[PDB]
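Ideal geometry is used to build each Cβ from the backbone, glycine not excepted, and the neighbour counts take in all protein chains shown. Coordinate-derived values only; no laboratory data.
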Amino acid sequence: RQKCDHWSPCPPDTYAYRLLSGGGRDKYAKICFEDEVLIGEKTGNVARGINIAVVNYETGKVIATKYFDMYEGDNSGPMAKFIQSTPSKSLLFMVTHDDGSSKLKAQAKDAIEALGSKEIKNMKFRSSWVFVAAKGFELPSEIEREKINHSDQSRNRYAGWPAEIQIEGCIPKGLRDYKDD
């Protein structure tokens, strides 16, 4: 058994992550980091909307976990502010549960796209979405960092919702190390 129940073991000096979007209304989104559930049913901190876990890249410390309902309220503005306020050398993990698109506004999409999102622009009602971002450094090109799955009547795993999606990988811890010569 590997950290985050990974298919294969992570190489040494790497962070293990596993992101899971919600699957309809009964299967909840989950964010696993280094074998610890940051957001999920288990920690009682997952809800409808975009669920964000923020980790200090330098220390591996969880700095913030917060969800933003995109179906009720006006949480697009607060979400954009929350993202922009994250410190440099941070990892951001974003997963949808149920819906993350209904009231998703341009300012929030611009904040997520500025982090490297190629799919937030394509968000539609009830689309499942998972995303890994680095603030103040570049993630290695080979890790799976993003996935989207749109609601489609002919493919929907649940009556009214698309299938849940997952991403997993290993992030090297030494991308910003102060090296010798």
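Details
- Residue pairs whose Cβ atoms lie under 9 Å apart, separated by 6 or more positions or on different chains, with the first residue in segment 159-180 and without any contact (Cβ under 8 Å) to a residue 60 or more places away in the chain and farther than 26 Å from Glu119 by Cα and the second crowded, with 20+ Cβ neighbours inside 10 Å and among the polar types (S, T, N, Q), do not occur.
- Applying the criterion of being in a loop (DSSP other than H, G, I, E, B), within 18 Å of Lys61 (Cα to Cα) and not hydroxyl-bearing (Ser, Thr, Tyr) to the residues of segment 35-50, the residue that is nearest to the chain's Cα centre (by Cα) is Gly40.
- The set of residues in segment 41-64 that are in contact with a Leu (Cβ under 6 Å, 6 or more places away or on another chain) and touching a residue at least 60 places away in the same chain (Cβ under 8 Å) contains only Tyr57.
- Cβ pairs under 9 Å, 6+ apart, first in segment 7-25 and without any contact (Cβ under 8 Å) to a residue 40 or more places away in the chain and over 15 Å from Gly49 (Cβ atoms), second of a type outside the set (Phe, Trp, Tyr) and in a loop (DSSP other than H, G, I, E, B): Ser8/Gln2; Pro9/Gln2
- Check on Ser21, under 22 Å from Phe125 (Cα atoms), surrounded by 15 or more Cβ atoms within 10 Å (Cβ to Cβ) and in contact with a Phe, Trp or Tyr (Cβ under 7 Å, 6 or more places away or on another chain): yes
- Matching residues, segment 12-34, being farther than 13 Å from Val62 by Cβ, touching a strand residue (DSSP E or B) at 6+ places or on another chain (Cβ under 9 Å) and assigned to a loop (DSSP other than H, G, I, E, B): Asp13, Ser21, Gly22, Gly24, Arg25, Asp26, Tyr28, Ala29
- Test result for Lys109, surrounded by fewer than 20 Cβ atoms within 10 Å (Cβ to Cβ) and at negative phi: yes
- In this structure, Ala134 does not satisfy being farther than 27 Å from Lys3 by Cβ, within 18 Å of the chain's Cα centre (by Cα) and surrounded by 14 or more Cβ atoms within 10 Å (Cβ to Cβ).
- When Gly73 is tested against (1) surrounded by fewer than 20 Cβ atoms within 10 Å (Cβ to Cβ); (2) in contact (Cβ under 8 Å) with a residue 40 or more places away in the chain, just one condition goes unmet, and that condition is (2).
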